Q: 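The structure's right below; bear with me while I get my questions together.
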Amino acid sequence: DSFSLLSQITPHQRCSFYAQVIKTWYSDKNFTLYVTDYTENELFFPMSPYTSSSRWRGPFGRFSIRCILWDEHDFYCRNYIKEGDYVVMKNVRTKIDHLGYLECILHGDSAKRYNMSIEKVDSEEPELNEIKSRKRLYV
DNA sequence: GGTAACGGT
């Protein structure tokens, strides 16, 4: 497959992309990431500069997306993928949450039917230059 | 599957 900017993704179509992890949270059910590539998407949650946790080091407005990791993806990443990290995510499922916003899902797939993956990208890879340059323009 | 843009587990 080929990669999309997060501006370009749509619901209920699998997609692949590079992003920076802004926030992580593991729970007894799953592992949740909130990631950005500093491109805007009209179906993304508008993050408030006002009501957001002071911890949030990400952008505001429709710039970030929730990724929910289940099962093997939970187990793999929950103590591994850190806030601030870069990741490449491949063939992940997209849908709409209860409030109308786009989100990413990595569901259990022991057969690797859909060839989903998530892996860290070393900070120094050129594949991450764009995110970096778009962040500069953002700040 | 969880369902909200918390927490810091």
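Any value given below was found using the heavy atoms of this structure, including those in side chains, with hydrogens, waters and symmetry copies removed. Proteins come first, then strands; the chains are lettered A, B, ... in the order of their sequence lines, and each starts at number 1.
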Q: In whole Å, what is the span from the CD atom of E83(A) to the P atom of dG7(B)?
A: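 Distance, rounded to whole Å: 11 Å.
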Q: When only distance counts, do a donor and an acceptor, one from the side chain of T24(A) and one from the base of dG8(B), lie under 3.5 Å apart?
A: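 Present.
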Q: Find the distance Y101(A):OH to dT3(B):P and express it as a whole number of Å.
A: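 Distance check: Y101(A) OH to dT3(B) P gives 18 Å.
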Q: Is the aromatic ring centre of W56(A) closer than 5.5 Å to the centre of the six-membered base ring of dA5(B), with the two planes inclined by less than 30°?
A: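 Base of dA5(B): not stacked against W56(A).
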Q: Return the value, rounded to whole Å, for the distance between atom CG of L43(A) and atom P of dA5(B).
A: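 Interatomic distance, CG of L43(A) to P of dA5(B): 17 Å.
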Q: Return whichever of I68(A) or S54(A) has its heavy-atom-nearest nucleotide of DNA chain B closer to the 5' end.
A: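 Final value for this comparison: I68(A).
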Q: Test for a donor-acceptor pair under 3.5 Å between the base of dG2(B) and the side chain of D97(A), counting only N and O atoms.
A: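 No.
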Q: Starting from P on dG2(B), measure out to CG on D28(A) and report it in whole angstrom.
A: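 Between P of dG2(B) and CG of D28(A): 10 Å.
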Q: Should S53(A) be listed as having a side-chain N or O under 4.0 Å from OP1 or OP2 of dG7(B)?
A: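 Result: yes.
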Q: Do the charged groups of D109(A) and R113(A) touch, with an N to O distance under 4.0 Å?
A: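 No salt bridge links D109(A) with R113(A).
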Q: Using atom CG of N30(A) as one end and atom P of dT3(B) as the other, report the distance to the nearest whole Å.
A: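 Nearest whole value for this atom pair: 9 Å.
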Q: Which value, in whole Å, describes the distance between the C1' atoms of nucleotides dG7(B) and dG2(B)?
A: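 It works out to 16 Å between them.
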Q: Categorize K95(A) for me: base, sugar-phosphate, or nothing, with a 4.0 angstrom heavy-atom threshold over every strand shown.
A: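 Touches a base.
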Q: Testing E127(A), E125(A), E130(A) for side chain to side chain contact (heavy atoms under 4.5 Å, CB included) with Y18(A), which one passes?
A: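 Of the listed options, the one satisfying the test is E127(A).
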Q: Figure out the CZ/P separation between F45(A) and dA5(B), and round it to whole Å.
A: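 So the two atoms are 5 Å apart, to the nearest Å.
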Q: Can you tell me the distance, in whole Å, between the NZ atom of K82(A) and the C1' atom of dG8(B)?
A: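 Computing the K82(A):NZ to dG8(B):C1' distance gives 11 Å.
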Q: Are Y26(A) and the base of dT9(B) stacked, counting only ring centres nearer than 5.5 Å and planes tilted under 30°?
A: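 Yes, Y26(A) stacks on the base of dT9(B), since the ring centres sit under 5.5 Å apart and the planes are within 30°.
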Q: The side chain of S52(A) lies closest to which of these nucleotides: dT3(B), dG2(B), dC6(B)?
A: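 That would be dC6(B).
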Q: Among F44(A), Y34(A), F45(A), whose ring-ring contact (aromatic ring centres under 6.0 Å, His included) with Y101(A) holds?
A: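 Result for ring-ring contact (aromatic ring centres under 6.0 Å, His included) with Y101(A): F45(A).
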Q: Can a donor-acceptor pair be found between the side chains of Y76(A) and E119(A) at a distance below 3.5 Å?
A: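 Note: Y76(A) and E119(A) side chains meet the donor-acceptor criterion.
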Q: Are more than 12 heavy atoms, taken from residues, nucleotides or ligands other than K82(A), located less than 6.0 Å from that residue's NZ atom?
A: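 Yes.
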Q: If stacking means aromatic ring centre less than 5.5 angstrom from the base's six-membered ring centre, planes under 30°, is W70(A) stacked on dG1(B)?
A: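 Yes; centroid distance and tilt both under limits.
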Q: When the distance from CZ of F44(A) to P of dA5(B) is rounded to whole Å, what number comes out?
A: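 Taking atom P of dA5(B) as the reference, CZ of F44(A) is at 16 Å.
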Q: Check every strand shown and say whether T51(A) touches a base, only sugar-phosphate, or nothing at a heavy-atom separation below 4.0 Å.
A: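 If one applies the 4.0 Å heavy-atom cut-off, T51(A) turns out to touch the sugar-phosphate alone, with no base involved.
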